[PDB]
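1. Coordinates for the following, if possible.
(3 chains)
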Amino acid sequence: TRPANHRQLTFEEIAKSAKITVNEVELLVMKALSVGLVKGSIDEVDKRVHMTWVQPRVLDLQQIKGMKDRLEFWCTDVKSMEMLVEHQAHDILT
Amino acid sequence: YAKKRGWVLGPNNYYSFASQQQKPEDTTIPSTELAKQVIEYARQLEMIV
Amino acid sequence: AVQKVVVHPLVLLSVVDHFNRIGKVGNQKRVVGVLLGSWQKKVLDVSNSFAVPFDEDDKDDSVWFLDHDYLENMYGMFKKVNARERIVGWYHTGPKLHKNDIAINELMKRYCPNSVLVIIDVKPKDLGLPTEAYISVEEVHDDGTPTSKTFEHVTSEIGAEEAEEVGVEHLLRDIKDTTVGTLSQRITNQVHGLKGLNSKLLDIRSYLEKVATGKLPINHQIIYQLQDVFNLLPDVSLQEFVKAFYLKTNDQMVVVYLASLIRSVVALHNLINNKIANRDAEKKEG
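-> Numbers count the residues shown, from 1 in each chain, chains lettered A, B, ... in the order given. The coordinates are given below.
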């Protein structure tokens, strides 16, 4: 749902979405790390779970749309910086 | 000062508005200009040629 | 279980030869020959090869002819002159491959168990595009999709030999591209290292907008193969990069600070010795 912006999710959001209690969110994520659906870690000094999602799947055309807009941003940022490098270092290009 | 600016006298207490922002995170603005500074070194380690 | 292939810089010259050995009267616009190799342990190597007469009609695109007797003699001739080299597969050129390449492959697997094909490019040579290789695999398709071939890709590299690399340097003689570069070749390696980057990135959205429209059916295989790209790029936030990036950037600015110090004393000393020798030849000429 969140495209790796702030992937460090706290206990309240899992307890609300999965309707599970706070005393079971730690046992829930160790089972998920045991299977291999994710390879994150668990911090409890802020009660927040770090998440490095490594198990992909299918998605729809609605996530395809924002994927292209991020790709179009990915396209126009790299091409703009090549134009800054090609203009700046043209005299030493040879 | 109350009609021009704030400093509203309420229950014997003034209220001066105040906030702060936060910016240590931007390595991106010393990314572009540092890349300019490194190339203009190497532009000038040669070129009196 | 092929990791990669090693194409010596000899066989593609024989293809460019045989691309010109037919173009005088032939309008075949594809060259199909026999690839010989040296399968050592897991990595594949290609030393020598040869060609074979092959035609293909565009009508019904299912008719072909291979010369087996010419394949039996000439491979047998090469075994007598060199009992080191053997068969590893075949090759063809042209980017757009015709669909007899499964029919050619499934016949000559009676020669080679791990049969392999190599696609080269004679005319598409302008950008950075190397040779290409696939592999012969037989699965159904994925899970519940109808059965097909699905030639899987094996990555390729180029490696020479000792005389095959020294003999190359004598041939070029035009720019020669010296080893470790003096700040001009290295920036261009980042210039045209990035000219191939967005050429890949324009190509990803071109196939994506082709399938976001929905002309061709989807492949789920490429979807999650694309999806782990975007959720595995790093995000630079705090104390993992912005601390640790300056720790090596303010490190490397100390040693180039010597270049400011030392090189200024170099040219100053060359200034003093000339201004001594100038005024002393001047004061003693008259």
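2. wait, what's in contact with the closest residue to chain A within chain B?
-> In chain B, no residue comes nearer to chain A than residue B:39, which is 5.3 Å away by Cβ to the nearest Cβ. For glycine as for every other residue, the C-beta is placed from the backbone atoms N, C-alpha and C. For residue B:39, the set of contacting residues under the criterion of Cβ atoms under 8 Å, 6 or more residues apart in numbering or on different chains consists of A:85, A:88, A:89, C:187.
3. What subset of those is buried?
-> Among the contacts of residue B:39, those buried by neighbour count (16 or more other Cβ atoms under 10 Å in any protein chain shown) are A:85, A:89, C:187.
4. Please name the spatially closest residue to residue C:184 (chain neighbours excluded).
-> Nearest residue to residue C:184 in three dimensions, chain neighbours excluded: residue A:94, at 5.1 Å (Cβ to Cβ, 6 or more residues apart in numbering or on different chains).
5. any idea how far the longest helix anywhere in chain A is from the chain center?
-> The longest helix of chain A (DSSP state H) is helix A:61-88. For helix A:61-88, the distance between its averaged C-alpha position and the chain's averaged C-alpha position is 18 Å (Cα atoms, centre = their mean, to the nearest Å).
6. helices or strands up against that helix?
-> Helices and strands in packing contact with helix A:61-88 are listed as helix B:29-44, helix C:185-213; criterion 3 or more Cβ pairs under 8 Å, 6 or more residues apart in numbering or on different chains; DSSP states H and E.
7. Output these as TSV; include the columns distance to residue A:15.
-> Output for those, formatted as TSV (distance: least, Cβ to Cβ, whole Å):
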stretch	distance to residue A:15
helix B:29-44	39
helix C:185-213	37
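8. can you map out the helices along chain C?
-> So, for chain C - with DSSP H - the helices run C:11-20, C:68-81, C:101-107, C:162-172, C:185-213, C:220-230, C:242-285.
9. So which of those helices is nearest chain A?
-> Comparing these against chain A with Cβ to the nearest Cβ, the closest turns out to be helix C:220-230 (3.7 Å).
10. ok, the closest one near chain A or not?
-> Yes - Helix C:220-230 lies in contact with chain A when judged by Cβ under 8 Å from any Cβ of the partner chain; the contacting residues are C:220, C:223, C:224, C:227, C:228, C:230.
11. thinking again about what came up before, so the residue nearest to residue C:184, which state does it fall into?
-> Assigned state for residue A:94: coil (three-state reduction, DSSP: H, G, I helix; E, B strand; the rest coil).
12. Just the endpoints, please. Distance across stretch A:33-43?
-> By Cα to Cα, to the nearest Å, the extent of stretch A:33-43 from end to end equals 14 Å.
13. So the residue in chain A that chain C sits nearest to versus residue C:173, what's the distance?
-> Using Cβ to the nearest Cβ, the closest approach of chain A to chain C is made by residue A:56 at 3.7 Å. Residue A:56 sits 51 Å away from residue C:173, going by Cβ to Cβ, to the nearest Å.
14. how about the residues of chain B that lie near chain A?
-> For chain B, the residues found near chain A under the criterion Cβ under 8 Å from any Cβ are B:32, B:35, B:36, B:39, B:40, B:42, B:43, B:46, B:47.
15. From these, pick the one nearest chain C.
-> Taking Cβ to the nearest Cβ as the measure, chain C lies nearest residue B:42 of the residues of chain B next to chain A, at 5.1 Å.
16. So for that closest one, what's the nearest residue that isn't a sequence neighbour?
-> Take residue B:42 and drop its neighbours on the chain: the residue closest to it by Cβ to Cβ, 6+ apart is residue C:183, 5.1 Å away.
17. how much space is there between residue C:91 and residue A:89?
-> Where residue A:89 is concerned, residue C:91 sits at a distance of 40 Å (Cβ to Cβ).
18. do residue C:279 as well
-> When distance is defined by Cβ to Cβ, residue C:279 is 41 Å away from residue A:89.
19. Also residue C:23?
-> According to Cβ to Cβ, residue C:23 and residue A:89 sit 42 Å apart.
20. Likewise for residue B:30?
-> Summarising the geometry, the distance separating residue B:30 from residue A:89, computed by Cβ to Cβ, is 19 Å.
21. How is the residue nearest to the spatial centre of chain B assigned, secondary-structure-wise?
-> Central residue check for chain B by Cα atoms, centre = their mean: the C-alpha nearest the mean position is that of residue B:23, 7.6 Å away. At residue B:23 the chain is in coil, as set by three-state DSSP.
22. separation between it and chain C?
-> 11 Å (Cβ to the nearest Cβ, to the nearest Å).
23. where does that residue fall, phi/psi-wise?
-> Dihedral pair for residue B:23: phi -150, psi 70, per degrees, to the nearest 10.
24. Could you give the number of residues near residue 42?
-> You didn't say which chain, so I picked chain A. 15 (other Cβ atoms under 10 Å in any protein chain shown).
25. my bad, the chain I had in mind was chain B
-> By the measure other Cβ under 10 Å, the count of residues near residue B:42 is 15.
26. who's in contact with it?
-> A:89, A:92, C:183, C:187.
27. what's the last one in contact with, if anything?
-> Same thing as residue C:187. A:85, A:89, A:92, A:93, B:39, B:42.
28. Equivalent analysis for the first one, please.
-> Applying Cβ under 8 Å, 6+ apart, one finds that residue A:89 lies in contact with B:39, B:42, B:43, C:187, C:191.
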